[PDB]
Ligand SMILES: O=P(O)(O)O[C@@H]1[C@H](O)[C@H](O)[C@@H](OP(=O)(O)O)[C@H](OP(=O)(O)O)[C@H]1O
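Shown below, as structure tokens, is a lone chain in the form deposited without ligand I3P; questions about how it binds or moves come after it.
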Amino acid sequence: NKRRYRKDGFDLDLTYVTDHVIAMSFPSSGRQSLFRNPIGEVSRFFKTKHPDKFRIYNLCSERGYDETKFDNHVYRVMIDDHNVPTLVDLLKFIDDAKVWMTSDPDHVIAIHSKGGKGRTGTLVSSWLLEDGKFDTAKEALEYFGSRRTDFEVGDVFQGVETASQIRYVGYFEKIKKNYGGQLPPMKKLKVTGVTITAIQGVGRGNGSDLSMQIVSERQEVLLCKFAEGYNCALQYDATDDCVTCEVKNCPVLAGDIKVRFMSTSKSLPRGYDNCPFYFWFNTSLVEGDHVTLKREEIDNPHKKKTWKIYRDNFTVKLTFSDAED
């Protein structure tokens, strides 16, 4: 299939997205080939097919390997599975790839994660935008999906990227188009409220099961427990089918922020990230005093299998205060 390179004595989960941009799965330990690419075979592939002209990107925070197998031509981007790089790390990756690629037209980059799907697609699609093959994140993402997955142009773009992964490729597009490729200026914010619409059928259907964790730089910076008023104050409106919660004591936030919603309900499934729903945003790219995410823009409700629970008007809005000095 599309994911499989079966040629010249190799049998690998490896795709030429373009002639010079490869997406692949994790180069795995030992010789076993049952649903994995053995690192000895992957390193042999590159040394044979692209001698002295490859660079490998390992996007997994969870696992490295002996990079000397690849003649020390490995660059790590620490991304958790089903999550995103920081914008700083994304731009650093883009510059590293740019420097490498500009020096020789036969240079290649090989980007991998665990399966070579969501995290890989975030960086491959961003690279394709940088390299000018596409002008829009949507087209770059769909191209990656068309090459690396069963997705076909004209299909609903599902099964490839989390919602935040899609958002972060969009952030890169905005950085290229509006900020000259430079990191946007810092914006310091505090979250002061969260509003969730279409709450009926979600856990207890009134916010009472929910909690919200804010994470910055891989650390919890705030936890709110709605029923109890732990760092918050909950209001439920049955007629408007919504909960509104004042968020208290938020520290100053800057950069890439991850927000996770947890539940005590045994009727609300967990998706990725060990929670019912979550998302990332960057404070610098916030417009005005809030960010509102529709169902398709939130990680886990983005999957259609969940749409009996998260109905079409399910949204999450964060309200912010300006937290500059």
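By rigid core we mean the largest C-alpha set that fits within 1.5 Å across both forms. Sequential numbering from 1, following the sequence displayed. Only residues modelled in both forms are compared.
The same protein has a further form, the form solved in complex with ligand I3P, not shown here; the description that follows concerns it.
- Annotated contacts: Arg36, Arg119 and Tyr272 all touch ligand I3P in the deposited complex [non-hydrogen atom within 4.5 angstroms].
- Figure note: of the listed segments 81-89, 191-199, 230-238, 166-174, the one touching ligand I3P in the deposited complex, with heavy atoms no more than 4.5 Å away, is 81-89.
- Residue in contact with ligand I3P in the deposited complex (any heavy atom within 4.5 Å), chosen from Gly205, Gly115, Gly181, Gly255: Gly115.
- A residue is said to contact a partner when one of its heavy atoms sits within 4.5 Å of a partner heavy atom; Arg31 meets this definition for ligand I3P in the deposited complex.
- In the deposited complex, no heavy atom of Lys266 sits within 4.5 Å of ligand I3P.
- Mapping the unseen interface onto this chain, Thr162 counts among the residues with a heavy atom inside 4.5 Å of ligand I3P in the deposited complex.
- For the residue set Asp106, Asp155, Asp95, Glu217, core-aligned C-alpha shifts between this form and the one not shown reach 2 angstroms or more at a single site, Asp155.
- A change of 3 Å or more separates the two forms for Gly159 and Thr136: their C-alpha atoms lie closer together in the deposited complex.
- In the deposited complex, the CA atoms of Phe151 and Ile166 move farther apart by at least 3 angstroms compared with the shown structure.
- Once the core is fitted, the segments that move between this form and the one not shown, counting only runs of three or more residues with each CA displaced by at least 2 angstroms, are 1-3, 30-35, 149-161.
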